[PDB]
Amino acid sequence: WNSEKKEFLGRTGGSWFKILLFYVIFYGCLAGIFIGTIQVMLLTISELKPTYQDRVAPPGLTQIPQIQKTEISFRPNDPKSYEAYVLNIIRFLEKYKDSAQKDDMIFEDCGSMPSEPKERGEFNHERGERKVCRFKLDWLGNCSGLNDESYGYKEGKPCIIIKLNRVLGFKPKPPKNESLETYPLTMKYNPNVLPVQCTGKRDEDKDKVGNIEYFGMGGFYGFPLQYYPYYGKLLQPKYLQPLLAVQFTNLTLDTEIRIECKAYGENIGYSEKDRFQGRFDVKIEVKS
Amino acid sequence: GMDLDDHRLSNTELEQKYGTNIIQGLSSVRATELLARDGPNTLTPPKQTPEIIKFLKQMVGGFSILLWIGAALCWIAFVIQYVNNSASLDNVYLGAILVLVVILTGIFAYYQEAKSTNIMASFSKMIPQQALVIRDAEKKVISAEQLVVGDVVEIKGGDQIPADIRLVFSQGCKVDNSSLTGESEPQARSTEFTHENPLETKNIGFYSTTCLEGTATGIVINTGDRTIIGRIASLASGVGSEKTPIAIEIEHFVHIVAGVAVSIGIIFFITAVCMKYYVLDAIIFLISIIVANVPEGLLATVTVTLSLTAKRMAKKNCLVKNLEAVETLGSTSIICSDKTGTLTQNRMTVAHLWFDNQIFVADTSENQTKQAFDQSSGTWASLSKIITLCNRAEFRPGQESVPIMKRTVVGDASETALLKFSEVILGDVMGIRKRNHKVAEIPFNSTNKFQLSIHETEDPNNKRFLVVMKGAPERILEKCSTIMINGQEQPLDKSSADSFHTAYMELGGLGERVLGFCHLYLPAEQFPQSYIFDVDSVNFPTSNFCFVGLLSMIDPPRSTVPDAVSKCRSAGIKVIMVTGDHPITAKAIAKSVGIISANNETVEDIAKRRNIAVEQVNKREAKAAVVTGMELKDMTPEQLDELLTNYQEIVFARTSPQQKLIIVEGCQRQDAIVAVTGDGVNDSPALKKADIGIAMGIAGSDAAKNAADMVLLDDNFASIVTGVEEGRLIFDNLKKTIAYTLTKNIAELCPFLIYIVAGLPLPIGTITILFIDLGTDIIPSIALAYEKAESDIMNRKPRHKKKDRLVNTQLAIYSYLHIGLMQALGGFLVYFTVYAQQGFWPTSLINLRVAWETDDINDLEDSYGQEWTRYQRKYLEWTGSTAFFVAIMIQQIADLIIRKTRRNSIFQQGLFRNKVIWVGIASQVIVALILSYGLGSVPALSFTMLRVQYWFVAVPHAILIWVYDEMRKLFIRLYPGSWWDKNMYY
Ligand SMILES: *[C@@H]1O[C@H](CO)[C@@H](O)[C@H](O)[C@H]1NC(C)=O
Ligand code: ALF
Ligand SMILES: [K+]
Ligand SMILES: [K+]
């Protein structure tokens, strides 16, 4: 480096200070503007209501076993075979014990028959948190009834739990009594239940699925409209969403059965691109 | 291949060397035996690589090194996708699209690097098919390819020379050495030693120069590629300049951008594996890194800017054989230039008339009747008579619709310039020649040196006798008594005696061949109209004539060459002349046409002025130099560089076709781009070696025209100044296009760089990037090519070949570190806004990619607690992809407006003045509209329809980018050269 006019690495010392100061101010300002624009963007969004609900507009549905690849295959002889399955159920259902629904400040008792959607609040910073409706475990008859082979969760002839994805400000509207939904219902109760009737995907398959029995609130095969709407996690603490058990006592063993459980509503839709929007997909095989 | 010729030796002395008899010829036995060792008499044709190899050679075309790795890794990831199944997969689709674009850009770069090495096309016309050889005392005509060193041949008049021949008998032989000198000025050949070196020894013929007249017996000294045209051909075809100076800059440019691609690829691959990622994950990271850095469309579009301006230059009569040639002109530094044909009209025409002891200037160009032809009106009235009467030259037929000067003539180079002069001045000289019928005829001889004719003037009544004699000026005063001034015939005096020689000496010192004219009206007393003049020089007098007038001929410069050379020199370009013509003509041509200034004096001029020895005076004080081809032999390469450096107005004369390459390589070893402008076979070897060669269209030999890179269709040396202008403009607009694509590449790269480190969900898919580079910016990228320079390029000097380059660290760090990062920050604002409107806040997106990409999870919670299905998250991810892609192009509308001007505000160039940049802006908006917010993005290609508010989220950063750019351009205008012009200029 020429000892003649400094110019280490091209440049003298004073100009070294000039260029680093320029780049520190360049990038510092550039970052100031980027985080600044982010903050002005975040002002528009409310902490309480999503600006848009375009994607989650059709509500999705998911099985509580939390199965790896849409599949449930086990041996009633081997405990480990279904060990992870029943563990996932127990983990989810821990929250619904009367044990946990103990505080009357945050938990209120909502009717044991379906009710009109409880409009608690308006989404403002007022009145603090909102009381969530209780859901008692016993309504999951024969599956986490707390006894009567509850602990097994139907180790033979399995049992799943159907859950409707939480969407904020969403009061679902069950289909009107236009015609027969499916088999002769004789189970109208139209206003306050989202009908959820598990069915056999494979029509050619003579639905070797066998008996299919749903355990709901007061024996109604749907979601009680009382719990809805959803005020968000911040407004509603541990909001216990409605849950519907399903016993599957199949007369077909060591054969894989594919079933699709659909939510029928005029406000609920389903799509062929999203096989977990409005629908299920369960492949259960009870190996020996 | 020997240039050690043998002209000193006598006939007896050579005949012992070549084992031949000058009269018995050679036995056909020794013909066979010598043909064996030496080979056939033929120029071996050049070696051209098959086009299939050149095409497939263009498949490692710089960027294709990284794109091959890209499609390799794509299919390698698909190999690992055999191990683990993936139905909806884009690594086969992406690998295919990549190989498609390697082959795509390859076939364009194939046309761009073109090489016409069709040199033998021109040489075949001149090579002779037959020879008049004599072997074993038997006259036979055989094919010239059978000749061998030292068999006798009988050169005939009007036939090409069969080989490089040394004459040993000659009777009025005159040959055409324009294939070595570029002049058709016949050099007559004796049979004896004239000069030391064999270029003009007057006793050796040359291969395939035409034999203008006479008969000469000779013995062949060299045959084949060792001949002088053989050596010219070896240099023109073998020294094939594949190196071009335009593509040395873009080759170095792909070196640096591939450099930065590779370096950040290993930086983030080692920090991938350090982050406990499987090599499969990290190599998908490398595929995205190289597709982000590589400017996909840059090189492809470049050849379209180049060929566009190639055909546009060709509509202005500048044919550009090689697409590269359009830049090679301009950013050039030294113009070595042939004179005749190129700087010269290559038509001997008259320029100066000396009558009444007074000097006059005439029409030299295609112009007509430009002179003070109205001074004496009586001396010039008879002077026209002697000019038109004393010529045997004639115009060829069918010339009623073709300009006078531009006409076909049969006759002598000297006589035909006077035919042209009399024909522009007096309408039909044939009329007055025919009228003033020529009764007496005189033969002409080479020793004669004068020509005379007696005509019976067809005046109605006068019908006297007029004798008119023209010839060398030396003879005229020797045989003249009464001069004429204004009709009256005044006798000569002591004054005019020396006056004639002094004027003549100064006129001939300007390279002008002088011819003097005298006449005499013979009295009717001695010779009436019945008296006839016998041709054997008995009846007419040869002394005591009447001097009419004097004139001179020069072969003038082309109409425009002086002014065009003025403008080249005034654009920082040193002009050198290189031609085969004697340095008396050359210096006058050179000082005329703007090559030598009027107060610049060679060593000759100063030694003549001071009347001191040339050894005494030094060298530096003379700013102009005239170096003969003969003193360049003894010249050493170090002192060729000495003089190239010391003086700036240098002309080389009587210079061998090999010394043209010697001088051009001498320039180029001084970091100087060179452009040699030529017309003849002697120029062709030095036309290849130039960084660009420029040939004359109609007035240029074929051999130069196939060696060239620009063929000037109308021999207009005024296309050079505009060719420089457009070349320097094309270079600056290439800088603009390049930096434009480079700055985008960063905002394409930052999403994957964050998605590897921070785990935010992929902000733009690797397949969507290709839509940016390959679709939206191809019309913007060509629309910058129509930009105009902020300041006149001519006011500035050429670029230094090495000192200032096409891409410099200032343009690179501006594009990558300044505008790329502002763009990517703008793109990420749209990313975070399109996630934060559906529930996923900024803060609560880190590390999510893992759960995000997990398809068993259909109930992911967002910041409002809603549950999300996989497919819904995947559609949102796609809307993040299109949000980010649209954001960057919106700031690419601003990028295109800042890149139009590298020096001053958009107001000064004018945003509206370029229409094509608005086609580019519109092309960008319309392609994104056809893509995202419309059909073709409903289910496909990582494309979703966008909320209308998402298009305009990126106008804040794209006003910011233009503002910041504009501010530094304002400050470089304001304070030039004070650390802002140095650190903040493209
Ligand atoms: C399921 O619940 C009903 C409740 O009345 C009970 O009668 C039935 O036995 C139960 N099934 C089994 C297998 O215990
Ligand atoms: F001036 Al030339 F060939 F045309 F030497
Ligand atoms: K790219
Ligand atoms: K060339």
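First residue shown is number 1, and so on along the chain.
Placement of Cβ uses the backbone N, Cα and C atoms for every residue, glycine included.
Look at Swiss-Prot and you will find B:50-70, B:94-114, B:283-300, B:735-754, B:765-785, B:806-828, B:881-900, B:915-933, B:949-969 tagged as transmembrane segment, backed by sequence analysis. Feature annotation from Swiss-Prot assigns topological domain 'Lumenal' to B:71-93, B:271-282, B:755-764, B:829-880, B:934-948; the stated evidence is sequence analysis. Annotation comment: Swiss-Prot describes B:115-250, B:301-734, B:786-805, B:901-914, B:970-986 as topological domain 'Cytoplasmic', evidence class sequence analysis. Sequence annotations record features per position, and here Swiss-Prot assigns active site, 4-aspartylphosphate intermediate to B:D338. Residues or ranges marked as Mg(2+) binding site in Swiss-Prot: B:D679, B:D683. Marked as phosphoserine by Swiss-Prot: B:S905.
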Query raised in the report: Taking contact to mean three or more C-beta pairs under 8 angstroms, with sequence separation of 6 or more, is the transmembrane segment (B:765-785) in contact with the transmembrane segment (B:735-754)?
Result: yes
Recorded positions near B:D338 (active site, 4-aspartylphosphate intermediate): from B:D679, B:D683, B:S905, Cα within 10 Å gives B:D679, B:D683
Per the Cβ filter (under 8 Å) with a sequence gap of at least 6 from its ends, the topological domain 'Cytoplasmic' (B:786-805) is approached by 245, 249, 252, 330-333, 567, 570-573, 671-673, 724-725, 728-729, 731-733, 736, 900-904, 908-909, 914, 916-917
In chain order, residues whose C-beta lies under 8 angstroms from the C-beta of B:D679 (Mg(2+) binding site), counting only those at least six residues away in the same chain, are B:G182, B:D338, B:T340, B:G341, B:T342, B:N346, B:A695, B:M696, B:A699, B:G700, B:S701, B:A704
Summed over the topological domain 'Lumenal' (B:271-282), the DSSP helix, strand and coil counts are 7 helix, 0 strand, 5 coil
Other same-chain positions with a Cβ less than 8 Å from the transmembrane segment (B:94-114) and lying at least 6 residues past its termini are 54-55, 58-59, 61, 63-64, 67-68, 70-71, 74-75, 78, 244, 247, 287, 291, 296, 299-300, 302-304, 306-307, 321-324, 766-767, 770, 774
Filtered by Cβ distance under 6 Å to ligand 2, the recorded positions B:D338, B:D679, B:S905 reduce to B:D338, B:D679
B:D683 (Mg(2+) binding site) and the residue listed as 'phosphoserine', compared by Cα position, are separated in whole Å by 47
Sequence-distant residues near the transmembrane segment (B:881-900) by C-beta distance (under 8 Å, 6 or more away from its ends) are 736-737, 739-740, 743-744, 747-748, 751, 762-765, 768-769, 771-772, 776-777, 780, 783-784, 787, 819, 822-824, 826-831, 833-834, 906, 909, 911, 914, 917, 920-921, 924-925, 928, 931-932, 937, 942-944, 946, 950-955, 957-959, 961-962, 965-966
Spatial neighbours of the transmembrane segment (B:735-754) not adjacent in sequence (6+ beyond its ends, CB under 8 Å) are 253, 257, 264, 268, 285, 288-289, 291-295, 297-298, 301-302, 305, 760, 762-764, 766, 769, 772-773, 777, 780-782, 784-785, 787, 806-807, 811-812, 814-816, 818-821, 823-824, 826-828, 831, 884, 888, 891-892, 895-896, 899-900, 902, 986
Long-range Cβ contacts under 8 Å made by the topological domain 'Cytoplasmic' (B:901-914), restricted to residues 6 or more beyond its ends, are 732, 735-736, 783, 786-788, 790-791, 962, 966, 969-970, 972-973, 985-986
The most crowded of the recorded positions B:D338, B:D683, judged by neighbouring Cβ atoms within 10 Å of its own Cβ, is B:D683
DSSP output for B:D683 (Mg(2+) binding site) maps to helix
B:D338 (active site, 4-aspartylphosphate intermediate) -> DSSP, reduced to three states, gives coil
Its residues classified by DSSP, the topological domain 'Cytoplasmic' (B:786-805) shows 1 helix, 0 strand, 19 coil
Long-range Cβ contacts under 8 Å made by the topological domain 'Cytoplasmic' (B:970-986), restricted to residues 6 or more beyond its ends, are 735-736, 739, 810-811, 814, 902-905
Beyond a gap of at least 6 residues from its ends, the CB atoms lying under 8 Å from the transmembrane segment (B:283-300) belong to 61-63, 66-67, 69-70, 73-74, 76-77, 91, 94, 98, 101, 104-105, 108-109, 250, 254, 257-258, 260-261, 264-265, 268-269, 272, 277, 737-738, 741-742, 744-745, 748-749, 752, 756, 766, 769-770, 773-774, 777-778, 781
Neighbouring CB atoms within 10 angstroms of the CB of the residue listed as 'phosphoserine', all protein chains considered, total 15
